[PDB]
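The chain that follows stands alone, in the form deposited in one PDB entry, written as structure tokens.
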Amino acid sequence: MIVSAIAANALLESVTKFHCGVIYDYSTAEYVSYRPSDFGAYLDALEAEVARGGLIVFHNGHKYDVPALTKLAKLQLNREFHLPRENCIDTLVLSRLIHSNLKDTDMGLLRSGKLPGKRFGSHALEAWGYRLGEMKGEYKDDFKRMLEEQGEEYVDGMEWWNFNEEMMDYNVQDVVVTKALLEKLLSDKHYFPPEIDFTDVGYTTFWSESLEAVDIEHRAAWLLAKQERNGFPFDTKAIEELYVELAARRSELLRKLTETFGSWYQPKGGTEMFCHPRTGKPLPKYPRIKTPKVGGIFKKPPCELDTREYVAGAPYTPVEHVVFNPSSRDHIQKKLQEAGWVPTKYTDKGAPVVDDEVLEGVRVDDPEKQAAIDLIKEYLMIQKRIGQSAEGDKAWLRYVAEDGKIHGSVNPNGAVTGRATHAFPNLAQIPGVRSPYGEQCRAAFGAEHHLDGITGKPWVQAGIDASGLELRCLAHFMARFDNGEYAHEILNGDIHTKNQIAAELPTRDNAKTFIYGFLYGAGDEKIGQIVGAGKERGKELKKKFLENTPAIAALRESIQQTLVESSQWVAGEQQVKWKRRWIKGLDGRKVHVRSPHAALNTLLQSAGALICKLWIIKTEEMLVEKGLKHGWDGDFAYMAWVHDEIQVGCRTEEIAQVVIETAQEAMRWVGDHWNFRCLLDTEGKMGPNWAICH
């Protein structure tokens, strides 16, 4: 086993020069530095470790160091360098697994005073080194001070443009901190058996003896890193044209709304308080004020007038002339109340609730103002689509790379339940095909938008989704209570269509949101809102579904007996005594339970997430063992993973058909692997884009 870390001239996306590297070898207990001209030797040392069947430890190596070295090795040395997945270890993956609870377990590190605020709940090397106690100082800070000494101005990340001995030293510090993190993580007896010195074992023993969760997490992080590098073929032109149409409709809605709602004056700027002029008593009914501290009618030493607008001591209310803005919720509330609307529901900060629920229900008198409410609802949705697709900071059009693909980021274990998180941009929040402009948005993401490098023909897409995931996880956990009755009934047709009809709901999506709202403890009023009724129908629906499968109550009761031992409420919060604050995941990991009322969701959402993690891992593994190669220069390419669904690009329709069958086989394999008490299934769709594959 060796511990290493690299430094380069830029992020993976634009890296072109290797600056330095450091390797710590446990067999020699020594550190070795590699400068730019030692790049080849550095690569050799890493391959030497692989040749011995050893392990290489990096912090975020799966996503950065490993691929960066492959890219730079080909660009600078013209060599194919590919460290095998089974020989790589990532302290970031391990840290996100063992310590997923860093937004709460970091409070006393900061309350006491030991971690710099900016690194709060951060898994980064600097953050972790601060917690460990190895921090000697940031490299960026030393570079910044050398530049403030030479008078030169600092630019974002210019500290990495060229190599220097300060970078080399900080690189060595990176490896010492990575070593410290590795040893602190291995000291967790829940994940790594104390009997084995995981720093003195081969890769095969490291994976077989450590908890299954460590292996699943490293395999998931390696596969999702490949998925990120692949990207999602995006139709830039289609979204640019949709942006033009939406902007035109926005301009028209704004024109009609500003015609109906004229401008007005309102206070903006005051930070002082207006107070009674004789008594001096504050009068917080009035808007905030500004009292000048300088000014008069004349200047100082036939005396020349003072033409500034203010007089020292004379208070005045700063105001703005404001044109109606449909994107504001203040303008909407003000104008609608000036039209007769009487707000019912408010926010705990003193502001009436202006969302689609109330807007859809607002009733005024003026027919024109009532129609303007519909123009506002359309404008707000139009704005949501424009912001997500083109104008927002993380807008799709701002993230399209030169390869015509969107390389969205994925944190394999960002959620406490074991689910992943998606950002830059969030490919898991694209508007659904059944929502306004959702089909155009989803159609913009598709394999057809990628033309084969050899034949030049567009690729085909294969979308696979887990059938009723969390409900099947519920059937599994409550099978000991109902003897597998629900696990058998669940496969009698589609569960969601059966629930839709049983509950008398308009759509199958409404049945999904209802069953999951109910299962996870929604109140009567909430179930009514979900179904578009009141608390009466909420109770009816709750007792109808809870009476049909009473084992749900037993499961909830058993969860409480396992996690909670007593409780008491003070103020707005629950004071819980925990027998154990976690759930054992399907792979043995500890799954932090945030609150007793979400414990069932923690149990079910974690199981599905772990099921899905092994599914995507097994699917690709099965494809690879079938001769299929992963990449755009191969046979298939993972394009997106949205919780329980995958979108894979396939060079041909035949390959897509194989991907769909393999995903079904991998799901059945996962079910057999963890001895599930409920049969797991998937549903596949072949098509040109995401709009057709779901």
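In case it trips you up, residue 1 is the first one in the sequence shown, and so on. By rigid core we mean the largest C-alpha set that fits within 1.5 Å across both forms.
In what follows, reference is made to the form deposited in another entry, a form of this protein that is not presented.
*Asks:* Identify which of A225, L505, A428, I617 has its C-alpha displaced by 2 Å or more between this form and the one not shown once the rigid core is superposed.
*Replies:* The displaced C-alpha is that of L505.
*Asks:* With both forms fitted on the core, give yes or no for whether the Cα of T455 moves by 2 angstroms or more between this form and the one not shown.
*Replies:* No, the C-alpha position differs by under 2 Å between this form and the one not shown.
*Asks:* After the core is matched up, is the C-alpha of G361 off by 2 Å or more between this form and the one not shown?
*Replies:* It does not, since the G361 C-alpha is displaced less than 2 Å between this form and the one not shown after the core fit.
*Asks:* Quick check on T317: with the core superposed, does its CA move 2 angstroms or more between this form and the one not shown?
*Replies:* It does, since the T317 C-alpha is displaced 2 Å or more between this form and the one not shown after the core fit.
*Asks:* If the CA atoms of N499 and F477 move by 3 Å or more in the other form, do they move toward each other or away, so closer or farther than here?
*Replies:* Closer together, which means the C-alphas of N499 and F477 are at least 3 Å nearer in the other form.
*Asks:* Regarding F477 and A503, go with closer or farther for their CA spacing in the other form versus this form, the difference being 3 Å or more.
*Replies:* Those two alpha carbons end up closer in the other form.
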